[PDB]
Amino acid sequence: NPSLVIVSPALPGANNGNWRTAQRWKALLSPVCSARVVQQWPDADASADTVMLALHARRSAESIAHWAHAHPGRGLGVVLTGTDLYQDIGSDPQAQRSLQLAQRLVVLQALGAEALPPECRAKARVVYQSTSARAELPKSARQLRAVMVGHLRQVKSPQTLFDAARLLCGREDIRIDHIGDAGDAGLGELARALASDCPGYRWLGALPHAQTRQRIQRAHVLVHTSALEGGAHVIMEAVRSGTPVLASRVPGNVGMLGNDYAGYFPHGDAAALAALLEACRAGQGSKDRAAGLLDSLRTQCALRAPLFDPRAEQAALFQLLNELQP
Ligand SMILES: O=c1ccn([C@@H]2O[C@H](COP(=O)(O)OP(=O)(O)O[C@H]3O[C@H](CO)[C@@H](O)[C@H](O)[C@H]3O)[C@@H](O)[C@H]2O)c(=O)[nH]1
């Protein structure tokens with residue numbers, strides 16, 4: 001059986017996407033190979049590795065190079081997690097070199113290969129991520145509770161959420177919970193000042209993943225404003241909890257929710273987001289109502305939900321492994 005090494009830049013045990021992906025892939029591939037996760041390669045155990053899957057064409061570029069030089073033409077998959085595909089590979093030589101050296105390039109939703117140079121598309125492979133489902137909860141019509149989840153950095157465009165919450169500062173019937181570490185400098189100060197001014201907006205800080213999944217499950221709607229995504233875990237998690245999504249219309253989000261999804265706003269457009277939230281609120285009512293925006297979005301998200309089934313991610317990873325060690 002193959003001996004797979006997964007390279008993740010994330011600090012071990014970190015509560016973020018890069019660590020989550022590596023540990024989940026390890027678990028899904030364990031029945032057909034010996035799999036391990038490292039932050040860099042090689043290490044003492046490198047001689048027995050036969051396949052490498054490396055997350056982020058730039059952050060892992062050094063381990064990717066080490067593998068490519070030790071195993072030219074063989075065994076290397078490079079996973080495009082987001083800022084590499086939608087930023088770095090434009091002009092970062094390290095990210096560009098990882099694209100050339102790889103035997104396969106993994107993108108995390110169907111649109112990802114459009115951002116690759118055309119000479120890299122033949123070796124590109126789509127692997128939708130997966131997450132465990134949660135029962136869809138019945139929810140009250142008395143208030144609209146929205147949540148957004150993302151450690152604060154500029155690529156998450158949290159200012160769109162700040163500005164839309166400000167536009168709704170007077171609305172007692174709408175609540176916005178914001179989950180995520182302070183991160184990029186100054187953004188935490190913006191969240192704190194906004195929560196002090198507008199009681200409907202709460203910045204909860206970073207929360208353990210278990211509690212975050214529960215809050216996504218409880219919310220009426222998840223908002224995601226990012227300038228770019230590889231394929232966001234939190235959108236998956238909402239969809240697989242029966243919670244519909246309002247998302248910025250950028251390729252990483254569109255690949256997750258579908259070209260026909262009715263819950264997009266243009267990136268950076270806080271008034272558009274605020275108006276979608278108002279429409280979600282306006283549509284709320286009793287079991288004897290019909291045809292609210294939230295209900296149309298729930299119907300659409302339910303059609304997306306099978307994309308994020310772990311048995312499906314596993315089968316695609318099995319195929320990927322077979323291609324990297326035939
Ligand atoms: O306070 C917090 C903040 C985050 N999360 C979790 O963090 C995870 C990962 O978040 P995600 O939405 O995927 O964002 P990133 O961490 O930025 O992940 C990056 O990398 C992933 C691949 O590893 C891609 O799928 C994403 O698009 C890309 O943004 C999710 O499971 C969240 O529930 C928490 O539990 N608590």
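Position 1 is the first residue of the sequence, and the numbers go up from there. Order of listing sets the numbers, starting from 1, for every ligand and every atom in it. Side chains included, hydrogens not; waters and symmetry mates left out as well; all remaining heavy atoms used.
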To the nearest 0.5 angstrom, please state how far the [atom1] atom of [X] sits from the [atom2] atom of [Y].
{"X": "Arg104", "Y": "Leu53", "atom1": "CZ", "atom2": "CG", "value": "11.5 Å"}
{"X": "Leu55", "Y": "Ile64", "atom1": "CG", "atom2": "CD1", "value": "9.0 Å"}
{"X": "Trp203", "Y": "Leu187", "atom1": "CH2", "atom2": "CG", "value": "9.5 Å"}

Ligand 1-proximal atoms of [X], by part, heavy-atom distance under 4.0 Å:
{"X": "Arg153", "value": "side chain"}
{"X": "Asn16", "value": "both"}
{"X": "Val149", "value": "side chain"}
{"X": "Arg213", "value": "neither"}

Going by distance only, is there an N or O of [X] that falls short of 3.5 Å from an N or O of ligand 1?
{"X": "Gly17", "answer": "yes"}
{"X": "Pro208", "answer": "no"}
{"X": "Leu55", "answer": "no"}
{"X": "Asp181", "answer": "no"}
{"X": "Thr212", "answer": "yes"}
{"X": "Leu207", "answer": "yes"}

Heavy-atom gap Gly252 to ligand 1 smaller than 4.0 Å: no

Heavy-atom gap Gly231 to ligand 1 smaller than 4.0 Å: yes

Evaluation steps, side chain to side chain contact (heavy atoms under 4.5 Å, CB included), between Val250 and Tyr86: CA-CA 10 Å; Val250 303; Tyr86 290 108; over 6 Å; no

Side-chain donor-acceptor contact under 3.5 Å, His220 with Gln143: no

Do me a favour and list the nearest non-hydrogen protein atom to [atom] with residue, atom name and distance?
{"atom": "atom 29 (O) of ligand 1", "answer": "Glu229 OE1, 2.7 Å"}
{"atom": "atom 2 (C) of ligand 1", "answer": "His151 CE1, 3.5 Å"}
{"atom": "atom 33 (O) of ligand 1", "answer": "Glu237 OE1, 2.9 Å"}

Where ligand 1 meets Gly180 - atom numbers and elements under 4.0 angstrom, heavy-atom basis: 1 (O)

Distance filter under 4.0 Å to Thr21 heavy atoms, resulting ligand 1 atoms: 22 (C), 23 (O)

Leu161 side chain near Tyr201 side chain, heavy-atom distance below 4.5 Å: yes

Proximity winner for atom 6 (C) of ligand 1, if only heavy atoms of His233, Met236, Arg20 are counted: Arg20

Member of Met148, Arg215, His151 meeting the side-chain contact (heavy atoms from CB on, under 4.5 Å) criterion with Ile179: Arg215

Donor-acceptor pair, [X] side chain versus [Y] backbone, under 3.5 Å?
{"X": "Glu229", "Y": "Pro251", "result": "no"}
{"X": "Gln217", "Y": "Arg134", "result": "no"}
{"X": "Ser157", "Y": "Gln159", "result": "no"}

Full working for salt bridge (charged side-chain N to carboxylate O under 4.0 Å, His left out) between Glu114 and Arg121: CA-CA 8 Å; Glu114 296 183 359; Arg121 296 189 191 161; over 6 Å; no

